[PDB]
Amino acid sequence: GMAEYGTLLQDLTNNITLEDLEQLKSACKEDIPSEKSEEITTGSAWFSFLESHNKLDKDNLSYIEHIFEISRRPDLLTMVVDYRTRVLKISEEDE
């Protein structure tokens, strides 16, 4: 749910340096051309930019997974895969 997703974006941003971020931004630029002209300085600004372009939400993780793979960040990737597992397990309560 929304809380687990908030925690995920916090966890990720906590592990994305500004140096890291320039890499993630470059990997996105061909897919979302307005990226350059947007002045993204934080991890949380990057995630907001992805959300506003329909590339990320609590149930839509595949693009950041893609970007983490191509950026060779299995550490960030594993937080996303673990979040997906958690969300699936939570859903087993209400079935």
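Start at 1 and count along the sequence shown; that's the residue number.
Do the CA atoms of 23-31 or those of 44-52 have the higher mean B-factor in the entry?
The stretch with the larger mean CA B-factor is 23-31.
Comparing 61-69 with 34-42, the one whose average Cα B-factor in the PDB entry is higher
Comparing 34-42 with 61-69, the higher average CA B-factor belongs to 34-42.
C-alpha B factor of residue 87, ranked within the chain: lowest, middle or highest third?
Ranked within chain, residue 87 CA B lands in the middle tercile.
Check where residue 81 lands among this chain's C-alpha B-factors and tell me if it's the lowest, middle or highest third.
According to the entry, residue 81 has a C-alpha B-factor in the chain's middle third.
Name the third of the chain's ranked CA B-factors that contains residue 18, choosing lowest, middle or highest.
Highest third - that is where residue 18 ends up once the chain's C-alpha B-factors are sorted.
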